[PDB]
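Listing of work_31.txt; format and content: compact mmCIF, C-alpha atoms.
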# COMPACT_ATOMS: atom_id res chain seq x y z
CA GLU A 673 -11.12 19.64 -5.24
CA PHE A 674 -13.86 18.36 -2.96
CA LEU A 675 -15.55 16.96 -6.06
CA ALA A 676 -12.34 15.10 -6.81
CA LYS A 677 -12.10 13.00 -3.66
CA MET A 678 -15.86 12.41 -3.63
CA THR A 679 -16.31 10.91 -7.10
CA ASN A 680 -13.82 8.09 -7.13
CA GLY A 681 -14.70 5.59 -9.79
CA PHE A 682 -16.49 7.91 -12.16
CA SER A 683 -15.51 7.86 -15.80
CA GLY A 684 -14.54 11.00 -17.67
CA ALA A 685 -17.71 10.88 -19.74
CA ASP A 686 -19.81 10.92 -16.57
CA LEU A 687 -18.65 14.02 -14.78
CA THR A 688 -18.96 15.86 -18.06
CA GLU A 689 -22.68 15.23 -17.61
CA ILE A 690 -23.04 16.51 -14.07
CA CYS A 691 -21.70 19.87 -15.12
CA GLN A 692 -24.20 19.87 -17.92
CA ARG A 693 -26.73 18.85 -15.30
CA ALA A 694 -25.86 21.75 -13.03
CA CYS A 695 -25.89 24.06 -16.06
CA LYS A 696 -29.36 22.79 -16.97
CA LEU A 697 -30.54 23.31 -13.43
CA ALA A 698 -29.26 26.87 -13.33
CA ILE A 699 -30.95 27.65 -16.64
CA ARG A 700 -34.12 26.26 -15.08
CA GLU A 701 -33.72 28.73 -12.25
CA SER A 702 -33.07 31.58 -14.66
CA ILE A 703 -36.16 31.02 -16.80
CA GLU A 704 -38.02 30.42 -13.52
CA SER A 705 -37.05 33.93 -12.49
CA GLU A 706 -37.92 35.43 -15.86
CA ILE A 707 -41.38 33.84 -15.81
CA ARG A 708 -42.23 35.65 -12.57
CA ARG A 709 -40.32 38.89 -13.17
CA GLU A 710 -42.76 39.91 -15.90
CA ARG A 711 -45.67 38.47 -13.87
CA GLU A 712 -45.90 41.59 -11.71
CA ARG A 713 -49.29 42.19 -10.16
CA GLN A 714 -50.18 45.80 -9.29
CA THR A 715 -47.46 46.68 -11.79
CA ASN A 716 -46.70 50.30 -11.01
CA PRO A 717 -44.61 52.19 -13.58
CA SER A 718 -42.97 53.95 -10.62
CA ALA A 719 -39.79 52.44 -9.14
CA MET A 720 -38.54 51.31 -12.53
CA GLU A 721 -36.19 48.39 -13.18
CA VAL A 722 -33.02 50.48 -13.18
CA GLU A 723 -31.71 47.92 -10.71
CA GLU A 724 -31.86 44.59 -12.48
CA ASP A 725 -32.65 41.36 -10.69
CA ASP A 726 -29.73 39.27 -12.07
CA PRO A 727 -30.72 36.23 -10.01
CA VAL A 728 -28.25 33.62 -11.21
CA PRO A 729 -25.22 35.20 -12.93
CA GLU A 730 -23.27 31.99 -12.26
CA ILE A 731 -23.78 28.47 -11.00
CA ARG A 732 -24.23 28.42 -7.23
CA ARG A 733 -23.19 25.64 -4.89
CA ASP A 734 -26.64 24.19 -4.32
CA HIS A 735 -27.07 23.79 -8.07
CA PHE A 736 -24.14 21.38 -7.90
CA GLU A 737 -25.37 19.82 -4.69
CA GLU A 738 -28.75 19.18 -6.33
CA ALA A 739 -27.35 18.01 -9.66
CA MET A 740 -24.83 15.71 -8.00
CA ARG A 741 -27.71 13.65 -6.58
CA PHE A 742 -28.39 12.30 -10.09
CA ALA A 743 -24.83 11.19 -10.68
CA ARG A 744 -24.37 7.74 -12.11
CA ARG A 745 -21.29 5.73 -12.96
CA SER A 746 -21.45 4.45 -16.52
CA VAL A 747 -18.83 1.72 -16.41
CA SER A 748 -19.42 -1.03 -13.87
CA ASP A 749 -16.94 -2.75 -11.62
CA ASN A 750 -17.11 -5.80 -13.86
CA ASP A 751 -15.68 -4.02 -16.86
CA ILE A 752 -12.80 -2.30 -15.15
CA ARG A 753 -12.13 -5.78 -13.80
CA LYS A 754 -12.31 -7.05 -17.37
CA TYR A 755 -9.69 -4.61 -18.58
CA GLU A 756 -7.37 -5.41 -15.69
CA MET A 757 -7.69 -9.05 -16.65
CA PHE A 758 -6.78 -8.01 -20.18
CA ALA A 759 -3.75 -6.19 -18.83
CA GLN A 760 -2.56 -9.41 -17.21
CA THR A 761 -3.49 -11.45 -20.26
CA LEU A 762 -1.07 -9.03 -21.84
CA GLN A 763 2.50 -9.83 -20.88
CA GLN A 764 3.86 -6.71 -19.03
CA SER A 765 7.09 -8.59 -18.15
CA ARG A 766 5.38 -11.94 -17.67
CA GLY A 767 8.54 -13.73 -16.69
CA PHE A 768 11.69 -13.53 -14.58
CA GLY A 769 12.60 -9.92 -13.77
CA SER A 770 15.59 -8.53 -11.81
CA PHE A 771 18.67 -10.29 -13.16
CA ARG A 772 22.24 -9.04 -13.55
CA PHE A 773 25.41 -9.52 -15.73
CA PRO A 774 28.60 -11.38 -14.78
CA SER A 775 31.56 -9.29 -13.70
CA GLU B 673 24.62 -20.57 -8.44
CA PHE B 674 25.01 -21.27 -12.14
CA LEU B 675 22.12 -23.71 -11.81
CA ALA B 676 20.06 -20.88 -10.36
CA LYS B 677 20.19 -18.48 -13.29
CA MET B 678 19.86 -21.32 -15.79
CA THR B 679 16.63 -22.91 -14.55
CA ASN B 680 14.25 -20.01 -14.46
CA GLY B 681 10.69 -21.23 -14.48
CA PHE B 682 11.25 -24.59 -12.85
CA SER B 683 9.06 -25.57 -9.95
CA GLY B 684 10.48 -26.69 -6.64
CA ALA B 685 9.28 -30.24 -7.21
CA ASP B 686 11.24 -30.41 -10.46
CA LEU B 687 14.76 -29.57 -9.42
CA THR B 688 14.34 -32.02 -6.58
CA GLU B 689 14.22 -34.62 -9.35
CA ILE B 690 17.34 -33.57 -11.22
CA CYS B 691 19.41 -34.08 -8.11
CA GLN B 692 17.86 -37.47 -7.75
CA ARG B 693 18.65 -37.91 -11.43
CA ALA B 694 22.30 -37.02 -10.97
CA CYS B 695 22.41 -39.27 -7.90
CA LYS B 696 20.96 -42.12 -9.95
CA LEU B 697 23.50 -41.51 -12.68
CA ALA B 698 26.40 -41.55 -10.24
CA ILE B 699 25.15 -44.80 -8.71
CA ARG B 700 25.05 -46.16 -12.25
CA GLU B 701 28.69 -45.23 -12.64
CA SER B 702 29.57 -46.80 -9.30
CA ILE B 703 27.98 -50.18 -10.00
CA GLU B 704 29.47 -49.89 -13.50
CA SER B 705 32.88 -49.71 -11.87
CA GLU B 706 32.16 -52.55 -9.46
CA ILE B 707 31.02 -54.82 -12.30
CA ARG B 708 34.42 -54.49 -14.00
CA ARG B 709 36.62 -54.27 -10.91
CA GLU B 710 35.94 -57.92 -10.07
CA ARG B 711 36.07 -58.82 -13.79
CA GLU B 712 39.87 -58.94 -13.78
CA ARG B 713 41.37 -61.12 -16.48
CA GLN B 714 44.84 -62.56 -15.78
CA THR B 715 44.01 -61.86 -12.15
CA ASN B 716 47.36 -62.02 -10.43
CA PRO B 717 47.33 -62.18 -6.62
CA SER B 718 50.43 -59.97 -6.72
CA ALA B 719 49.95 -56.17 -6.56
CA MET B 720 47.01 -56.47 -4.19
CA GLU B 721 44.18 -53.95 -3.83
CA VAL B 722 45.76 -52.05 -0.96
CA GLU B 723 45.08 -48.95 -3.04
CA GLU B 724 41.36 -48.88 -3.62
CA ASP B 725 39.80 -47.62 -6.82
CA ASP B 726 37.21 -45.26 -5.25
CA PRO B 727 35.98 -44.09 -8.66
CA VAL B 728 33.07 -41.84 -7.72
CA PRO B 729 33.25 -40.73 -4.07
CA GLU B 730 30.97 -37.79 -4.93
CA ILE B 731 28.86 -36.47 -7.78
CA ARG B 732 31.03 -34.98 -10.49
CA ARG B 733 30.11 -32.10 -12.76
CA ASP B 734 29.39 -34.15 -15.86
CA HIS B 735 26.88 -36.21 -13.88
CA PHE B 736 24.93 -32.99 -13.46
CA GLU B 737 25.58 -31.92 -17.03
CA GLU B 738 24.22 -35.26 -18.25
CA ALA B 739 21.28 -35.38 -15.85
CA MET B 740 20.30 -31.79 -16.59
CA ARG B 741 19.56 -32.78 -20.19
CA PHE B 742 16.44 -34.62 -18.99
CA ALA B 743 15.08 -31.67 -17.07
CA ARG B 744 11.42 -30.90 -17.57
CA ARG B 745 9.18 -28.18 -16.21
CA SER B 746 6.07 -29.65 -14.62
CA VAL B 747 3.83 -26.60 -14.51
CA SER B 748 3.11 -24.96 -17.84
CA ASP B 749 2.93 -21.29 -18.69
CA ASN B 750 -0.84 -21.56 -18.84
CA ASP B 751 -1.20 -22.44 -15.19
CA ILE B 752 1.10 -19.81 -13.77
CA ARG B 753 -0.96 -17.50 -15.96
CA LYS B 754 -4.07 -18.99 -14.38
CA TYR B 755 -2.88 -18.24 -10.87
CA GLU B 756 -1.93 -14.68 -11.78
CA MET B 757 -5.43 -14.25 -13.14
CA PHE B 758 -6.69 -15.58 -9.81
CA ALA B 759 -4.52 -13.03 -8.02
CA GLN B 760 -6.23 -10.26 -9.95
CA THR B 761 -9.64 -11.86 -9.53
CA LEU B 762 -8.68 -11.44 -5.90
CA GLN B 763 -8.89 -7.82 -4.83
CA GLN B 764 -5.33 -6.80 -3.70
CA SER B 765 -6.45 -3.15 -3.31
CA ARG B 766 -8.82 -3.24 -6.26
CA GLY B 767 -9.82 0.39 -5.93
CA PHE B 768 -8.53 3.90 -5.36
CA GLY B 769 -5.16 3.89 -3.57
CA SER B 770 -3.00 6.84 -2.42
CA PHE B 771 -5.33 9.23 -0.61
CA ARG B 772 -4.66 11.54 2.33
CA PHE B 773 -6.43 13.20 5.36
CA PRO B 774 -7.49 16.84 5.70
CA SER B 775 -5.27 19.11 7.76
Let's see the structure in the file written out as structure tokens.
Amino acid sequence: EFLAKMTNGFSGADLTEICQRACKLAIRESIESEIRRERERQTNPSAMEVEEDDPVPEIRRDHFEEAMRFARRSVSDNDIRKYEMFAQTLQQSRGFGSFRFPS
Amino acid sequence: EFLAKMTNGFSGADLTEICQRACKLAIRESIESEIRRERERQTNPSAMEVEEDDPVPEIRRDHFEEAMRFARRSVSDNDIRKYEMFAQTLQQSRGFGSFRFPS
């Protein structure tokens, strides 16, 4: 809900990217963990991995807060202004309005 | 009031003409009467003009109904459409609308 009143003029095809961006960032943190989990120096067989790491089982908040910094509105202000000018080029009761019938 | 809901898209400078048109038509009927009032044939001095004619002491309805037939809208539909497009080129809350404050 905080993402709602922060992204005002974003199109629907744009905030479907920032969740794919935060997904991509969390996969980057997961493979980052799995490239150093097997990189154990003085790898003792004692104290086995019966407790798993499980570093990122879901998207955290700072993944969103980092992926949100690359947000970008696709449509400009000049094209939403173009479609509003097309809505008024369309009629939408282009005329009198608010009349009544004789008794 | 019947002239109101009959002249819809007339400008204010246009129905100030049709009352000058009905005035001009009633003056035409008044001088029409005064060009035949003094044109009495077999003009007897008996039965004097102690009762005046007074043919048109005000504008009648058919003066309006005849002058209304030469009504003409000055502004077109393309220029009222131009000013509405200028109203939307103007902002008039060109944006979000309808937000609230946190509790």
Exercise for the section: Could you give me, as a ChimeraX atom specification, the residues that sit within 8 Å of (19.7, -31.2, -14.8) in the file's coordinates, counting all atoms listed in the file? Expected result: /B:687,690-691,693-694,736-743
Handout entry: chain B contacts to chain A at 12 Å (only C-alpha atoms) as a PyMOL selection string
Key = chain B and resi 673-674+676-682+749-750+752-763+766-774
Can you write out the residues you just picked, keeping C-alpha atoms, as a short mmCIF file (atom, residue, chain, number, x, y, z; two decimals), in the coordinates of the input?
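Printed below is selection28.cif as written:
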data_model
loop_
_atom_site.label_atom_id
_atom_site.label_comp_id
_atom_site.auth_asym_id
_atom_site.auth_seq_id
_atom_site.Cartn_x
_atom_site.Cartn_y
_atom_site.Cartn_z
CA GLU B 673 24.62 -20.57 -8.44
CA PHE B 674 25.01 -21.27 -12.14
CA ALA B 676 20.06 -20.88 -10.36
CA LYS B 677 20.19 -18.48 -13.29
CA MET B 678 19.86 -21.32 -15.79
CA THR B 679 16.63 -22.91 -14.55
CA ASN B 680 14.25 -20.01 -14.46
CA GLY B 681 10.69 -21.23 -14.48
CA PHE B 682 11.25 -24.59 -12.85
CA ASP B 749 2.93 -21.29 -18.69
CA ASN B 750 -0.84 -21.56 -18.84
CA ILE B 752 1.10 -19.81 -13.77
CA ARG B 753 -0.96 -17.50 -15.96
CA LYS B 754 -4.07 -18.99 -14.38
CA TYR B 755 -2.88 -18.24 -10.87
CA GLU B 756 -1.93 -14.68 -11.78
CA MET B 757 -5.43 -14.25 -13.14
CA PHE B 758 -6.69 -15.58 -9.81
CA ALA B 759 -4.52 -13.03 -8.02
CA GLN B 760 -6.23 -10.26 -9.95
CA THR B 761 -9.64 -11.86 -9.53
CA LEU B 762 -8.68 -11.44 -5.90
CA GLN B 763 -8.89 -7.82 -4.83
CA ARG B 766 -8.82 -3.24 -6.26
CA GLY B 767 -9.82 0.39 -5.93
CA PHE B 768 -8.53 3.90 -5.36
CA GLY B 769 -5.16 3.89 -3.57
CA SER B 770 -3.00 6.84 -2.42
CA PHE B 771 -5.33 9.23 -0.61
CA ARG B 772 -4.66 11.54 2.33
CA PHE B 773 -6.43 13.20 5.36
CA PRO B 774 -7.49 16.84 5.70
#
Problem - Atomic distance atom CA of residue A:747 - atom CA of residue A:699, expressed in Å with one decimal - result: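 It comes out at 28.6 Å.
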Problem - Length of the atom CA of residue B:732 to atom CA of residue B:711 vector [Å] - result: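 The value is 24.6 Å.
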Practice task
Go ahead and compute the interatomic distance for atom CA of residue B:730 and atom CA of residue B:715, in Å to one decimal.
Solution key: 28.3 Å
Quick one: stretch 696-710 of chain B with N, CA, C and O atoms, as a compact mmCIF listing (two decimals), in the coordinates of the input?
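Below you can see part-v7.txt, which holds the result:
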# COMPACT_ATOMS: atom_id res chain seq x y z
N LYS B 696 21.19 -40.84 -9.30
CA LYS B 696 20.96 -42.12 -9.95
C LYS B 696 22.02 -42.37 -11.02
O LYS B 696 22.45 -43.51 -11.22
N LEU B 697 22.49 -41.31 -11.66
CA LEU B 697 23.50 -41.51 -12.68
C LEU B 697 24.84 -41.83 -12.05
O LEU B 697 25.61 -42.65 -12.57
N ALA B 698 25.13 -41.24 -10.88
CA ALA B 698 26.40 -41.55 -10.24
C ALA B 698 26.38 -42.94 -9.62
O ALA B 698 27.42 -43.61 -9.59
N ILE B 699 25.22 -43.42 -9.17
CA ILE B 699 25.15 -44.80 -8.71
C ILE B 699 25.32 -45.75 -9.89
O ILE B 699 25.91 -46.82 -9.75
N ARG B 700 24.80 -45.37 -11.06
CA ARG B 700 25.05 -46.16 -12.25
C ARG B 700 26.53 -46.23 -12.60
O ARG B 700 27.04 -47.31 -12.92
N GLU B 701 27.26 -45.14 -12.38
CA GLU B 701 28.69 -45.23 -12.64
C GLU B 701 29.43 -46.00 -11.56
O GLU B 701 30.43 -46.67 -11.86
N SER B 702 28.88 -46.07 -10.35
CA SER B 702 29.57 -46.80 -9.30
C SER B 702 29.40 -48.30 -9.48
O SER B 702 30.37 -49.06 -9.39
N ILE B 703 28.17 -48.75 -9.74
CA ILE B 703 27.98 -50.18 -10.00
C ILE B 703 28.60 -50.57 -11.33
O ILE B 703 29.02 -51.72 -11.51
N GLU B 704 28.73 -49.62 -12.27
CA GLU B 704 29.47 -49.89 -13.50
C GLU B 704 30.93 -50.17 -13.19
O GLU B 704 31.54 -51.06 -13.80
N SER B 705 31.50 -49.44 -12.24
CA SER B 705 32.88 -49.71 -11.87
C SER B 705 33.02 -51.02 -11.13
O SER B 705 33.97 -51.77 -11.35
N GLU B 706 32.08 -51.32 -10.23
CA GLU B 706 32.16 -52.55 -9.46
C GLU B 706 31.78 -53.79 -10.25
O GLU B 706 31.99 -54.90 -9.75
N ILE B 707 31.23 -53.65 -11.45
CA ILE B 707 31.02 -54.82 -12.30
C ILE B 707 32.24 -55.14 -13.16
O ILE B 707 32.33 -56.26 -13.69
N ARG B 708 33.19 -54.22 -13.28
CA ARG B 708 34.42 -54.49 -14.00
C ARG B 708 35.64 -54.55 -13.10
O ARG B 708 36.71 -54.96 -13.57
N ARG B 709 35.52 -54.13 -11.84
CA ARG B 709 36.62 -54.27 -10.91
C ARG B 709 36.87 -55.73 -10.57
O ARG B 709 38.02 -56.18 -10.53
N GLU B 710 35.81 -56.49 -10.33
CA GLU B 710 35.94 -57.92 -10.07
C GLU B 710 36.03 -58.74 -11.35
O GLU B 710 36.19 -59.96 -11.26
